[PDB]
Novice: 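For reference, the structure I am asking about is given below.
In what follows, residues are counted from 1 in the order of the sequence shown. Side-chain atoms are counted along with the backbone in the values below, which use heavy atoms only and exclude waters and symmetry mates.
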Amino acid sequence: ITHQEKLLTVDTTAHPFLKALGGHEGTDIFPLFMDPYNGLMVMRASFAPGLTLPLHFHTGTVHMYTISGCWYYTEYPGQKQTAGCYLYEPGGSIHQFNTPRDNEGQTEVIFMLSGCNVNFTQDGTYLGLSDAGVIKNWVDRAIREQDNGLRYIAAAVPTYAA
């Protein structure tokens with residue numbers, strides 16, 4: 001009959017977002033939940049206007065809710081995502097995130113990404129991988145480098161039972 005006196009909770013307004021994920025200006029993150037072992041991350045992202053990210057091939061599902069702003073996938077320009085929009089993206093899909101230059105402000109999203117992200121250029125050249133582990137390393141480094149006093153939830157690696 002386990003204890004748990006406190007809830008595993010993170011207030012995203014009590015600390016500034018980690019700036020420039022992987023050194024990419026315009027992509028600010030606030031980590032919430034990171035499980036590198038089951039390949040799962042739940043994050044809040046804050047996107048600057050005028051961004052065009054690389055093509056992201058998804059190995060698992062993506063659940064995304066746009067709180068505010070605007071963004072669209074290069075391939076589907078007539079289906080812009082704005083306040084209150086939800087998107088389910090299955091594994092095996094590949095699209096390219098864009099924030100229009102004409103956005104007056106930040107585009108705010110919360111998403112749940114399963115699996116890994118394999119990054120390509122529009123012409124198919126492999127750029128790199130981004131799994132929960134990789135992102136966590138930048139996060140932990142960003143927390144130190146930017147002197148941010150934020151906390152997030154993380155799943156430990158499985159081991160032999162005690």
Novice: Would you call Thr27 and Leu53 a side-chain contact if the rule is heavy atoms closer than 4.5 Å?
Specialist: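 Of all side-chain heavy-atom pairs linking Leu53 with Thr27, at least one is under 4.5 Å.
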
Novice: Taking C-beta and beyond as the side chain, do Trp138 and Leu21 meet within less than 4.5 Å on heavy atoms?
Specialist: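 Yes, their side chains come closer than 4.5 Å.
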
Novice: Should the heavy atoms of other residues, nucleotides or ligands under 6.0 Å from NE2 of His63 be counted, would the total exceed 12?
Specialist: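 More than 12 heavy atoms, drawn from other residues, nucleotides or ligands, come within 6.0 Å of this atom.
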
Novice: Checking side-chain polar atoms at under 3.5 Å, does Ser68 have a donor or acceptor matched by the opposite partner on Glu108?
Specialist: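 Side-chain D/A pair, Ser68 to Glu108: absent.
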
Novice: Starting from the C-alpha separation in whole Å, work towards a yes-or-no answer on side-chain contact (heavy atoms from CB on, under 4.5 Å) for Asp131 and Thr59.
Specialist: CA-CA 10 Å; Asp131 59 358; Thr59 61; over 6 Å; no

Novice: For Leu32 and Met43, work out which heavy atoms get closest and say how close.
Specialist: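 Looks like N-CE, 3.6 Å.
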
Novice: Are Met64 and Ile110 close enough that some pair of their side-chain heavy atoms sits under 4.5 Å apart?
Specialist: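 A side-chain contact is absent here, since even the closest heavy-atom pair is not under 4.5 Å.
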
Novice: Report whether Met41 and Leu150 are members of the same hydrophobic cluster (ILVMFWY, side-chain heavy atoms less than 4.5 Å apart, transitive linking).
Specialist: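 In one cluster: yes.
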
Novice: Please round to the nearest 0.5 Å and tell me the distance separating atom CG of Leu40 and atom CG of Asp35.
Specialist: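 It comes to 6.0 Å.
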
Novice: Consider only side-chain heavy atoms of I, L, V, M, F, W and Y, link residues closer than 4.5 Å, and tell whether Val134 and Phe57 are in one cluster.
Specialist: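 No, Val134 does not connect to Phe57 through the hydrophobic network.
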
Novice: Decide side-chain contact (heavy atoms from CB on, under 4.5 Å) for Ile143 and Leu18; before the verdict, give the C-alpha distance in whole Å, the side-chain angles of both, and the deciding distance to 0.1 Å.
Specialist: CA-CA 7 Å; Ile143 289 175; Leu18 300 177; 4.0 Å; yes

Novice: Which of these, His56, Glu89, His58, sits in a side chain to side chain donor-acceptor pair (under 3.5 Å) with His95?
Specialist: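 For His95, the side chain to side chain donor-acceptor pair (under 3.5 Å) test succeeds with only one of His56, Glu89, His58, which is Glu89.
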
Novice: Say whether, by atom type as modelled, one donor and one acceptor occur between the side chain of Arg44 and the main chain of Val109 under 3.5 angstrom.
Specialist: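 Yes, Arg44 side chain to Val109 backbone: donor-acceptor pair under 3.5 Å.
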
Novice: Write down the atom of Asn148, the atom of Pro16, and the distance for their closest heavy-atom approach.
Specialist: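 Shortest heavy-atom contact: ND2-O, 2.7 Å.
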
Novice: Could you walk me through whether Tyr65 and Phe111 satisfy the side-chain contact (heavy atoms from CB on, under 4.5 Å) test, starting with their C-alpha distance in whole Å, then the side-chain angles of each, then the deciding distance to 0.1 Å, before giving a yes or no?
Specialist: CA-CA 6 Å; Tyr65 183 83; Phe111 65 89; over 6 Å; no

Novice: Evaluate the criterion side-chain contact (heavy atoms from CB on, under 4.5 Å) for residue pair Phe120 and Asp123; output intermediate values, then yes/no.
Specialist: CA-CA 8 Å; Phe120 298 92; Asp123 68 351; over 6 Å; no

Novice: Can you give me the closest heavy-atom contact between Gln106 and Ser46, atom names plus distance?
Specialist: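 The answer is NE2-OG, 3.0 Å.
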
Novice: Quick one: CG on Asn103 to OG1 on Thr82, what's the gap to the nearest 0.5 Å?
Specialist: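 That separation rounds to 10.0 Å.
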
Novice: Any donor and acceptor pair, going by atom type alone, linking the side chain of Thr66 with main-chain N or O of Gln81 inside 3.5 Å?
Specialist: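 Side chain of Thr66 to backbone of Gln81: no pair is present.
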
Novice: On a heavy-atom basis, which atom in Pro100 and which in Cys70 lie closest, and how many Å separate them?
Specialist: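 For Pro100 versus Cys70, the nearest heavy atoms are CD-O, 3.5 Å.
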
Novice: Return the CD1 to SG distance between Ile67 and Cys85, rounded to the nearest 0.5 Å.
Specialist: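 Between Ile67 CD1 and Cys85 SG, I get 12.0 Å after rounding to 0.5 Å.
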
Novice: According to ring-ring contact (aromatic ring centres under 6.0 Å, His included), does anything in residues 31-52 pair up with another residue at least two apart or in another chain? List the pairs.
Specialist: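 Checked against ring-ring contact (aromatic ring centres under 6.0 Å, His included) - neighbours excluded - the pairs reaching residues 31-52 are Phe47-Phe97.
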
Novice: Return all side-chain donor-acceptor pairs below 3.5 angstrom for residues 152-162, not counting sequence neighbours, or 'none' if the list is empty.
Specialist:
from   : atom 1 : to     : atom 2 : distance (Å)
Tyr152 : OH     : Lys136 : NZ     : 3.3
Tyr152 : OH     : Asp140 : OD1    : 2.6
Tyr152 : OH     : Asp140 : OD2    : 3.4

Novice: So, for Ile94 and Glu75, which heavy atoms are closest and what is the spacing to 0.1 Å?
Specialist: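 Closest approach of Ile94 to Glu75, heavy atoms only: O-OE2, 4.1 Å.
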
Novice: Is the distance between the ring centroids of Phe30 and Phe17 under 6.0 Å?
Specialist: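 They qualify: ring centres under 6.0 Å apart.
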
Novice: Quick check: closest heavy atoms across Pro77 and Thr74, and the distance to 0.1 Å?
Specialist: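 For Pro77 versus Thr74, the nearest heavy atoms are CD-O, 3.4 Å.
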
Novice: Taking the side chain as C-beta and beyond, is there a heavy-atom pair between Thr121 and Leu55 under 4.5 Å?
Specialist: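 No, side chains not in contact.
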
